[PDB]
Amino acid sequence: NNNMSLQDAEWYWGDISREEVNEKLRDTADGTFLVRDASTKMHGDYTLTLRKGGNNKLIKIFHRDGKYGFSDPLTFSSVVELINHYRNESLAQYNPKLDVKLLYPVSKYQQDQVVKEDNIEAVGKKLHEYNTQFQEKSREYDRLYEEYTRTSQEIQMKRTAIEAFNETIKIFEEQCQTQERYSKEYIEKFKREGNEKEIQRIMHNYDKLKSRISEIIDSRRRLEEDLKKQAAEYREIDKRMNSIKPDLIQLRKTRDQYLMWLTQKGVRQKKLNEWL
Amino acid sequence: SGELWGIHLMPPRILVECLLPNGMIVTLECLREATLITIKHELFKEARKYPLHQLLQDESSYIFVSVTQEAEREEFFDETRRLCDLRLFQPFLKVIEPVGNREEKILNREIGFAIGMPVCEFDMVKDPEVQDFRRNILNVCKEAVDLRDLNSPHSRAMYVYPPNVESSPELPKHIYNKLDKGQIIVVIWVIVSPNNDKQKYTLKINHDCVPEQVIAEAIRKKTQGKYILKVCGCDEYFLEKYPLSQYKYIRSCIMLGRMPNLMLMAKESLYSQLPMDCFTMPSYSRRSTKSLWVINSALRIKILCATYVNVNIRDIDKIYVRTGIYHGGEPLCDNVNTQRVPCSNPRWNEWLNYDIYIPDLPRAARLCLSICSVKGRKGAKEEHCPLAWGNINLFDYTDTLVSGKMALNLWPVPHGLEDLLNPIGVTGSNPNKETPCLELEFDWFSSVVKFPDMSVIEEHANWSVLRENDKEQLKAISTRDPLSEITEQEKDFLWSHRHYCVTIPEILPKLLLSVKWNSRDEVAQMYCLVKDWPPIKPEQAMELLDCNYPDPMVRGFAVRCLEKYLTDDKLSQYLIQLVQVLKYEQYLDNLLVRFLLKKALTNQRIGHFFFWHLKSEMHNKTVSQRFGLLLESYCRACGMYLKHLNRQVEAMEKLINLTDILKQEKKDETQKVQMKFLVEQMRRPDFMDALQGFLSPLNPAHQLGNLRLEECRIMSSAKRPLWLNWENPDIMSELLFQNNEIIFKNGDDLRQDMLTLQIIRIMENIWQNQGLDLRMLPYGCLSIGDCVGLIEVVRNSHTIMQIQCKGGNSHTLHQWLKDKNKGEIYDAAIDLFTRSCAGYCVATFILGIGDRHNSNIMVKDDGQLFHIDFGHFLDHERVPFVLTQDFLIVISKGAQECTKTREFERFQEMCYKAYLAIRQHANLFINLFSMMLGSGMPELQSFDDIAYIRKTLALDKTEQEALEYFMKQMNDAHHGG
């Protein structure tokens with residue numbers, strides 16, 4: 001291509017904001033670029049967005065005396081000539097620290113092949129189907145997120161309860177250790193004085209303490225098993241959301257691409273808004 | 001989850017199984033509201049029944065120990081507190097010897113209760129940075145305490161009751177004309193008498209009146225520096241010598257035309273009422289490195305493996321780890337990805353190299369990384385989804401580069417985060433061990449690598465190193481908003497003209513965006529410019545504290561500007577954003593936390609909201625530890641106010657529990673049985689004692705008193721918010737308000753409402769300053785926790801839906817305003833309604849809040865119009881507040897015609913002036929919405945959202961074009977207007 005109008009250029013996008021540019025320049029290779037109208041919205045700016053070092057670098061093109069250029073002097077007839085020149089030659093002429101080639105253009109013609117059945121009612125019905133499928137997918141993802149947050153609170157409360165149970169076991173085992181400490185060398189006094197009623201009641205007290213600590217062991221073990229089961233369910237819900245998420249993102253991309261194609265095809269927005 | 005594990009309210013008969021030091025076990029039937037000392041009393045009474053009573057010692061030498069519901073062995077030197085408030089996990093109490101200082105442990109219990117998590121795990125956590133912060137923040141705590149005790153008892157009164165003023169000593173022209181020759185009719189209410197008898201005097205004094213001379217002519221009219229002015233109905237005092245009209249109460253009385261009423265109290269009475277803050281010094285305070293720049297190597301990090309990743313095997317084939325070295329939000333080099341290993345065995349053993357050098361690493365460099373999963377076998381497009389994320393500070397708090405192994409526990413993906421990496425997220429490992437963990441390995445350079453100090457940086461400066469004609473480009477870059485379309489041409493122009501940028505102080509945020517932080521010489525030069533930079537305004541200074549400027553010296557310059565310009569009132573206005581940008585700090589110990597704590601410990605009004613803003617996000621585990629440590633520091637050094645805060649917490653948690661037993665147990669039956677259960681639960685004495693006589697969290701000056709049980713109800717909304725009505729213990733406070741109504745709303749997040757009302761208050765302030773009396777009604781809203789908070793209720797106001805229902809139409813609202821206040825004050829009500837409508841229309845269009853219906857917009861009896869239940873602000877273009885004909889009739893004074901209405905033309909003029917004022921001050925609004933990203937609202941995550949308020953304010957278009965933009969928006973609202 002020797003020279004072509006910028007409206008027919010693949011890299012030129014026209015009237016869009018920085019946000020969709022960042023979405024289309026997101027995690028792409030070095031040198032990926034597009035040309036859009038500047039946000040100041042006056043004729044003749046035609047700013048360029050390039051990706052270098054993982055950053056969305058943004059360059060301004062001036063429109064003095066009917067020409068174009070990155071800086072003074074302006075030695076380009078059209079923006080397409082400048083784009084081709086910096087597409088064949090590195091941009092280091094303007095700035096030596098920007099050692100990057102304009103490798104890949106963000107072509108709006110690339111996403112045209114995604115949509116099929118170009119007639120208006122077919123794309124309307126297809127947009128309706130993907131939009132409602134996105135609706136059940138999103139409501140499933142939010143219900144799963146709600147369940148995940150609730151189960152996470154249950155994990156936190158159950159873990160706090162287990163930690164309290166372990167500290168209770170430490171308390172009661174310290175009590176049993178003190179009982180043994182004050183009883184090991186002192187039951188000989190019981191043997192000399194020879195009363196069996198006090199022996200049987202202190203053994204009853206030790207037995208009921210043993211029953212209490214065994215019951216607390218049983219409760220701690222049961223709640224630990226419940227925590228393991230509920231954490232397994234937590235893992236399953238997390239896995240389910242991680243499975244849903246790429247599908248939801250793909251449905252979002254499909255809906256956005258269909259809406260953009262309908263907007264650029266001259267389709268009425270209000271005629272498609274109320275179908276949902 | 002209440003007073004026992006699994007039991008909300010314990011039965012009146014409680015079988016405690018206490019634990020004896022001798023070795024015996026008791027089974028004691030304990031009284032319901034019993035205190036611990038009598039529990040020990042008939043513990044030792046029945047101790048004689050069981051053997052080994054001879055080994056037992058006196059009652060007073062022994063202390064109860066038990067495990068609470070927060071998993072810690074609490075020991076109880078506080079015998080005066082009842083068992084209901086003890087929060088037992090199981091009913092047992094071990095009796096042992098003293099093991100520590102009593103006052104320290106009682107203070108620790110109060111601090112842990114106020115925070116909501118124990119100080120014991122702050123002691124037991126082995127992070128050196130946490131312990132070093134806990135030790136070093138006590139220095140500024142002690143300095144703030146000493147400054148608070150510098151001019152005792154006057155400075156203590158300043159701390160407890162700070163002056164509620166605003167910044168400007170002077171008055172706007174549109175309210176100076178509101179007074180008869182600049183005179184304020186003020187009523188001073190002296191209760192000083194042999195009996196408790198009120199009596200009054202009326203004074204016609206000036207607007208620049210010091211309260212000392214106010215009481216001077218008060219005594220002169222009575223028919224001497226020992227009296228103070230206290231505002232009727234609340235704990236607001238006029239202490240420091242300031243103009244009278246500068247106080248917020250007097251200013252609000254000038255705003256609304258209400259009669260200012262004040263006490264005349266003795267200085268000695270307040271000085272004896274205030275106690276001495278016993279700042280006990282905590283116990284834990286007792287407890288060959290080569291430079292960064294001399295390393296000739298590239299930065300590489302080794303990914304070992306992941307212990308487990310929560311991903312399905314038959315839906316996802318491969319997973320990888322995407323990394324990247326970031327400086328805030330912008331990468332210092334290209335992101336590097338690990339090899340796409342199968343998801344069954346996340347085992348990597350892979351070195352990752354980066355396009356950056358070891359000396360080129362900036363001080364605030366962070367390794368942001370995320371395990372991610374691939375997809376796309378069906379179709380030619382392949383997508384990567386975020387799966388788990390984590391950030392590591394490449395330099396720790398000791399200025400040392402990380403090295404060796406590091407087990408980083410990753411965080412769950414934020415809701416609605418498309419981005420593979422999350423550089424805006426917090427740093428550090430996840431405390432939850434049930435999270436995916438990744439083993440990182442940073443390269444070992446045979447020594448400890450330390451970032452160079454200021455000396456080496458300054459020596460590197462001045463080594464790599466007439467006014468120009470076109471200096472207007474610098475001003476043009478300065479005047480644009482922080483999220484402007486800044487080019488590499490403007491960046492190179494800024495960096496090539498950095499020496500001449502010092503003559504425009506407010507261009508520093510742009511210049512810091514021009515410098516590339518992956519270059520050592522540029523970083524050193526920009527540091528040299530920062531060191532000698534002139535101070536900037538606080539509104540511009542807080543911009544340098546968001547996620548876009550993570551550099552410690554940039555944030556230090558911003559904190560110094562906050563020290564040297566920012567006032568207490570603007571700090572209170574901007575306390576939400578300054579608290580939220582504490583998460584953006586990479587280290588617990590920084591200058592911003594010291595500034596916020598020092599200002600919070602010298603101002604109870606500032607410190608109260610500081611405590612509550614930190615407390616409202618303790619549920620967020622991303623910032624739980626840092627805010628918990630800060631809350632520990634504040635609660636140690638605040639003094640007596642902690643007890644008051646404890647009372648507040650009690651009430652709040654009680655209300656939370658009540659709302660719990662209102663919203664997941666009995667949400668199905670009719671409302672009347674719910675009201676019966678409400679009055680039964682709230683009539684019980686301990687709920688009363690928790691809900692009686694505590695300071696209002698919405699306003700610490702408003703001291704809530706007796707609770708009227710007859711009119712505490714539930715509205716018919718979706719989440720069933722709880723209406724509370726409180727009395728005032730003082731008997732003559734009928735002048736300001738006889739009642740305190742508060743909506744306790746749980747389930748709906750109120751951080752959105754807090755941000756919206758703060759922004760609305762700021763628009764009100766800008767409009768009042770410019771010359772427009774465009775009064776808003778930013779009612780008090782304070783979130784207290786996870787989707788739970790408080791809302792101040794506007795007295796004598798009804799929703800438009802209630803007005804329409806009670807009148808029965810289009811003319812019913814104007815008819816109601818005609819009927820409520822007719823006569824010569826009808827014109828004032830009409831002008832008030834029109835003007836408040838214009839201001840709220842402009843604010844709602846600019847903020848773009850959720851769809852407005854008649855249920856969520858209210859009008860007062862005097863005609864003031866205001867908005868409630870914001871919720872969904874910005875985007876979650878669409879004008880929500882379309883001016884309906886119900887308002888067209890009232891603005892046009894009931895005229896059928898609306899297009900050719902002169903009052904409608906004045907409405908247009910006020911709206912246009914408001915839009916131009918907010919467009920002129922939009923830099924502050926963009927700054928405040930950018931500082932709020934780390935909170936995590938569902939509709940505020942990245943700058944893509946702030947582009948909405950960028951577009952509605954028409955900051956991209958010229959100043960003139962915004963006029964026609966507002967024209968077109970209002971004409972589309974009216975279908976021609």
# chains A, B, ... in the order shown; residues from 1 in each chain; ligands from 1

call {"tool": "closest_atom_pairs", "arguments": {"of": "chain B", "to": "chain A", "cutoff": "7 Å", "atoms": "only C-alpha atoms", "output": "tab-separated table"}}
result
residue	atom	partner	partner_atom	distance
B:22	CA	A:179	CA	6.6
B:23	CA	A:179	CA	4.4
B:24	CA	A:205	CA	6.9
B:25	CA	A:205	CA	6.6
B:67	CA	A:164	CA	6.4
B:69	CA	A:164	CA	6.9
B:70	CA	A:160	CA	6.3
B:71	CA	A:164	CA	4.0
B:72	CA	A:164	CA	6.4
B:73	CA	A:167	CA	6.8
B:310	CA	A:239	CA	5.3
B:311	CA	A:239	CA	4.9
B:312	CA	A:239	CA	5.8
B:315	CA	A:243	CA	6.5
B:330	CA	A:55	CA	6.6
B:331	CA	A:54	CA	6.0
B:333	CA	A:53	CA	4.9
B:334	CA	A:53	CA	4.5
B:335	CA	A:54	CA	6.4
B:385	CA	A:246	CA	5.9
B:387	CA	A:242	CA	6.8
B:487	CA	A:59	CA	5.1
B:488	CA	A:59	CA	5.5
B:489	CA	A:59	CA	6.6
B:944	CA	A:19	CA	5.7
B:956	CA	A:40	CA	5.0
B:957	CA	A:40	CA	5.5

call {"tool": "residues_around", "arguments": {"residues": "residue B:506", "least_positions_apart": "5", "cutoff": "7 Å", "atoms": "only C-alpha atoms", "output": "MDAnalysis selection string"}}
result
chainID B and resid 478 536 540

call {"tool": "residues_around", "arguments": {"residues": "stretch 124-132 of chain B", "least_positions_apart": "5", "cutoff": "10 Å", "atoms": "only C-alpha atoms", "output": "list in words"}}
result
residues 119, 137, 284, 285, 287, 396, 397, 398, 587, 588, 589, 625, 626 and 629 of chain B

call {"tool": "residues_around", "arguments": {"residues": "residue A:267", "least_positions_apart": "3", "cutoff": "12 Å", "atoms": "only C-alpha atoms", "output": "PyMOL selection string"}}
result
chain A and resi 118-121+123-124+258-264+270-273

call {"tool": "write_last_selection", "arguments": {"atoms": "N, CA, C and O atoms", "output": "tab-separated table (two decimals), in the first residue's frame"}}
result
chain	number	residue	atom	x	y	z
A	118	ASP	N	-24.46	-11.98	9.13
A	118	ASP	CA	-24.33	-10.53	9.14
A	118	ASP	C	-25.65	-9.78	9.04
A	118	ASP	O	-25.66	-8.57	9.28
A	119	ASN	N	-26.75	-10.44	8.69
A	119	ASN	CA	-28.03	-9.75	8.61
A	119	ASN	C	-28.51	-9.35	10.01
A	119	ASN	O	-28.14	-9.96	11.02
A	120	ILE	N	-29.36	-8.32	10.05
A	120	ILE	CA	-29.62	-7.59	11.30
A	120	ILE	C	-30.37	-8.45	12.31
A	120	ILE	O	-30.03	-8.46	13.50
A	121	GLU	N	-31.40	-9.17	11.87
A	121	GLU	CA	-32.18	-9.97	12.82
A	121	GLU	C	-31.36	-11.14	13.37
A	121	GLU	O	-31.52	-11.50	14.54
A	123	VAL	N	-27.98	-11.25	13.86
A	123	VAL	CA	-27.04	-10.77	14.88
A	123	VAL	C	-27.79	-10.27	16.11
A	123	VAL	O	-27.29	-10.39	17.23
A	124	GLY	N	-29.00	-9.73	15.93
A	124	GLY	CA	-29.80	-9.36	17.09
A	124	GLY	C	-30.16	-10.55	17.96
A	124	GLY	O	-29.99	-10.52	19.18
A	258	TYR	N	-19.95	-8.07	19.70
A	258	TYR	CA	-21.22	-8.00	18.98
A	258	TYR	C	-21.81	-6.60	19.05
A	258	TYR	O	-22.31	-6.07	18.05
A	259	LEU	N	-21.76	-5.97	20.23
A	259	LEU	CA	-22.29	-4.62	20.38
A	259	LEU	C	-21.49	-3.62	19.55
A	259	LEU	O	-22.06	-2.73	18.92
A	260	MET	N	-20.16	-3.76	19.54
A	260	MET	CA	-19.32	-2.86	18.74
A	260	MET	C	-19.58	-3.05	17.24
A	260	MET	O	-19.63	-2.07	16.49
A	261	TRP	N	-19.73	-4.30	16.80
A	261	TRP	CA	-20.03	-4.57	15.40
A	261	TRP	C	-21.38	-4.00	15.00
A	261	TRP	O	-21.53	-3.43	13.91
A	262	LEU	N	-22.38	-4.14	15.88
A	262	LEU	CA	-23.70	-3.56	15.60
A	262	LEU	C	-23.64	-2.04	15.57
A	262	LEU	O	-24.32	-1.41	14.75
A	263	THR	N	-22.85	-1.43	16.46
A	263	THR	CA	-22.71	0.02	16.47
A	263	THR	C	-22.03	0.53	15.21
A	263	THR	O	-22.44	1.54	14.64
A	264	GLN	N	-20.99	-0.17	14.75
A	264	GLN	CA	-20.29	0.27	13.54
A	264	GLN	C	-21.03	-0.12	12.27
A	264	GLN	O	-20.69	0.39	11.19
A	270	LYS	N	-31.34	1.75	20.30
A	270	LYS	CA	-32.57	1.61	21.08
A	270	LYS	C	-33.37	0.39	20.65
A	270	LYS	O	-34.07	-0.21	21.48
A	271	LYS	N	-33.27	0.00	19.38
A	271	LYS	CA	-33.99	-1.19	18.91
A	271	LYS	C	-33.44	-2.46	19.54
A	271	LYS	O	-34.17	-3.44	19.70
A	272	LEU	N	-32.15	-2.47	19.90
A	272	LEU	CA	-31.52	-3.63	20.52
A	272	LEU	C	-31.44	-3.53	22.04
A	272	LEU	O	-31.22	-4.55	22.69
A	273	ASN	N	-31.60	-2.33	22.60
A	273	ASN	CA	-31.48	-2.16	24.05
A	273	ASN	C	-32.59	-2.89	24.79
A	273	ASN	O	-32.33	-3.55	25.81

call {"tool": "select_by_dssp", "arguments": {"residues": "stretch 49-158 of chain A", "states": "helix (DSSP H, G or I)", "output": "MDAnalysis selection string"}}
result
chainID A and resid 64:66 79:88 91:93 111:113 120:158

call {"tool": "atom_distance", "arguments": {"atom1": "atom CA of residue B:374", "atom2": "atom CA of residue B:547"}}
result
28.8 Å

call {"tool": "select_by_dssp", "arguments": {"residues": "stretch 99-274 of chain B", "states": "strand (DSSP E or B)", "output": "MDAnalysis selection string"}}
result
chainID B and resid 165 184:190 199:205 227:231 237:238 247 261:262 265:266

call {"tool": "write_last_selection", "arguments": {"atoms": "C-alpha atoms", "output": "PDB file, in the first residue's frame"}}
result
ATOM      1  CA  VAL B 165     -13.653  25.286  63.164  1.00  0.00           C
ATOM      2  CA  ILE B 184     -24.607  37.802  65.263  1.00  0.00           C
ATOM      3  CA  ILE B 185     -27.467  37.679  67.744  1.00  0.00           C
ATOM      4  CA  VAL B 186     -26.174  35.081  70.205  1.00  0.00           C
ATOM      5  CA  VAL B 187     -27.846  33.663  73.316  1.00  0.00           C
ATOM      6  CA  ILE B 188     -25.675  32.659  76.265  1.00  0.00           C
ATOM      7  CA  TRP B 189     -27.385  30.197  78.625  1.00  0.00           C
ATOM      8  CA  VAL B 190     -25.971  30.497  82.146  1.00  0.00           C
ATOM      9  CA  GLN B 199     -31.321  31.785  82.583  1.00  0.00           C
ATOM     10  CA  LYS B 200     -30.286  33.600  79.419  1.00  0.00           C
ATOM     11  CA  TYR B 201     -28.672  36.705  77.968  1.00  0.00           C
ATOM     12  CA  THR B 202     -28.698  38.042  74.410  1.00  0.00           C
ATOM     13  CA  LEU B 203     -25.624  39.668  72.855  1.00  0.00           C
ATOM     14  CA  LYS B 204     -25.224  41.478  69.524  1.00  0.00           C
ATOM     15  CA  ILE B 205     -21.517  40.974  68.797  1.00  0.00           C
ATOM     16  CA  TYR B 227     -15.119  30.716  81.906  1.00  0.00           C
ATOM     17  CA  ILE B 228     -15.568  28.768  78.672  1.00  0.00           C
ATOM     18  CA  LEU B 229     -18.231  28.535  75.970  1.00  0.00           C
ATOM     19  CA  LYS B 230     -19.898  25.148  75.459  1.00  0.00           C
ATOM     20  CA  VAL B 231     -22.407  24.547  72.666  1.00  0.00           C
ATOM     21  CA  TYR B 237     -16.277  23.844  73.481  1.00  0.00           C
ATOM     22  CA  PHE B 238     -14.868  27.219  72.397  1.00  0.00           C
ATOM     23  CA  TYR B 247     -16.480  27.777  64.529  1.00  0.00           C
ATOM     24  CA  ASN B 261     -27.034  29.007  72.039  1.00  0.00           C
ATOM     25  CA  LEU B 262     -24.089  28.423  74.390  1.00  0.00           C
ATOM     26  CA  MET B 265     -19.163  27.033  82.374  1.00  0.00           C
ATOM     27  CA  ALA B 266     -16.243  27.462  84.746  1.00  0.00           C
TER      28      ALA B 266
END

call {"tool": "decode", "arguments": {"residues": "stretch 42-65 of chain B", "atoms": "N, CA, C and O atoms", "output": "short mmCIF file (atom, residue, chain, number, x, y, z; two decimals), in the first residue's frame"}}
result
data_model
loop_
_atom_site.label_atom_id
_atom_site.label_comp_id
_atom_site.auth_asym_id
_atom_site.auth_seq_id
_atom_site.Cartn_x
_atom_site.Cartn_y
_atom_site.Cartn_z
N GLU B 42 -18.16 -17.82 96.23
CA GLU B 42 -18.74 -19.15 96.42
C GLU B 42 -18.04 -20.22 95.57
O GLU B 42 -18.51 -21.36 95.51
N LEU B 43 -16.95 -19.87 94.89
CA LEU B 43 -16.00 -20.89 94.48
C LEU B 43 -15.22 -21.39 95.69
O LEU B 43 -15.03 -22.60 95.88
N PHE B 44 -14.75 -20.46 96.53
CA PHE B 44 -13.95 -20.84 97.69
C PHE B 44 -14.82 -21.29 98.85
O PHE B 44 -14.32 -21.91 99.79
N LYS B 45 -16.12 -20.98 98.80
CA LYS B 45 -17.03 -21.49 99.83
C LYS B 45 -17.23 -23.00 99.68
O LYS B 45 -17.17 -23.74 100.67
N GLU B 46 -17.47 -23.47 98.46
CA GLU B 46 -17.57 -24.90 98.18
C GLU B 46 -16.21 -25.56 97.98
O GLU B 46 -16.16 -26.78 97.78
N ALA B 47 -15.11 -24.79 98.00
CA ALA B 47 -13.79 -25.40 97.89
C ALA B 47 -13.45 -26.20 99.14
O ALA B 47 -12.67 -27.16 99.08
N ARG B 48 -14.03 -25.82 100.28
CA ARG B 48 -13.81 -26.57 101.52
C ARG B 48 -14.48 -27.94 101.47
O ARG B 48 -14.06 -28.86 102.18
N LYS B 49 -15.53 -28.09 100.65
CA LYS B 49 -16.21 -29.37 100.54
C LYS B 49 -15.31 -30.43 99.92
O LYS B 49 -15.24 -31.56 100.39
N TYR B 50 -14.61 -30.06 98.85
CA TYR B 50 -13.67 -30.95 98.18
C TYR B 50 -12.33 -30.97 98.90
O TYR B 50 -11.98 -30.01 99.59
N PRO B 51 -11.57 -32.06 98.78
CA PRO B 51 -10.30 -32.15 99.51
C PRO B 51 -9.25 -31.17 99.01
O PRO B 51 -9.49 -30.39 98.08
N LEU B 52 -8.08 -31.23 99.65
CA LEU B 52 -6.92 -30.38 99.36
C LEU B 52 -7.25 -28.90 99.54
O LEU B 52 -6.67 -28.04 98.86
N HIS B 53 -8.16 -28.59 100.46
CA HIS B 53 -8.46 -27.20 100.77
C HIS B 53 -7.34 -26.57 101.59
O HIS B 53 -7.22 -25.34 101.65
N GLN B 54 -6.52 -27.39 102.25
CA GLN B 54 -5.40 -26.87 103.03
C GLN B 54 -4.34 -26.25 102.13
O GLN B 54 -3.71 -25.26 102.52
N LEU B 55 -4.12 -26.81 100.94
CA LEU B 55 -3.18 -26.22 100.00
C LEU B 55 -3.70 -24.93 99.39
O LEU B 55 -2.91 -24.16 98.83
N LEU B 56 -5.00 -24.67 99.48
CA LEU B 56 -5.57 -23.46 98.91
C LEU B 56 -5.15 -22.24 99.73
O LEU B 56 -4.85 -22.33 100.92
N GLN B 57 -5.11 -21.09 99.06
CA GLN B 57 -4.64 -19.84 99.65
C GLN B 57 -5.82 -18.85 99.63
O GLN B 57 -6.94 -19.21 99.26
N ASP B 58 -5.57 -17.61 100.05
CA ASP B 58 -6.62 -16.61 100.20
C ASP B 58 -7.25 -16.27 98.85
O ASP B 58 -6.67 -16.49 97.78
N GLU B 59 -8.48 -15.73 98.91
CA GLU B 59 -9.22 -15.40 97.69
C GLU B 59 -8.53 -14.30 96.90
O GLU B 59 -8.45 -14.37 95.67
N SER B 60 -8.03 -13.27 97.59
CA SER B 60 -7.51 -12.09 96.91
C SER B 60 -6.19 -12.35 96.18
O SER B 60 -5.80 -11.54 95.34
N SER B 61 -5.52 -13.46 96.47
CA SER B 61 -4.24 -13.75 95.82
C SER B 61 -4.40 -14.54 94.53
O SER B 61 -3.40 -14.82 93.86
N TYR B 62 -5.63 -14.89 94.15
CA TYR B 62 -5.89 -15.78 93.02
C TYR B 62 -6.73 -15.10 91.95
O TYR B 62 -7.56 -14.23 92.23
N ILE B 63 -6.51 -15.53 90.71
CA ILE B 63 -7.03 -14.88 89.51
C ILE B 63 -7.62 -15.94 88.58
O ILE B 63 -7.08 -17.04 88.46
N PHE B 64 -8.75 -15.60 87.96
CA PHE B 64 -9.42 -16.43 86.97
C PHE B 64 -8.71 -16.38 85.62
O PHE B 64 -8.25 -15.33 85.18
N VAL B 65 -8.65 -17.54 84.96
CA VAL B 65 -8.13 -17.67 83.60
C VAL B 65 -9.14 -18.49 82.80
O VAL B 65 -9.65 -19.50 83.29
#
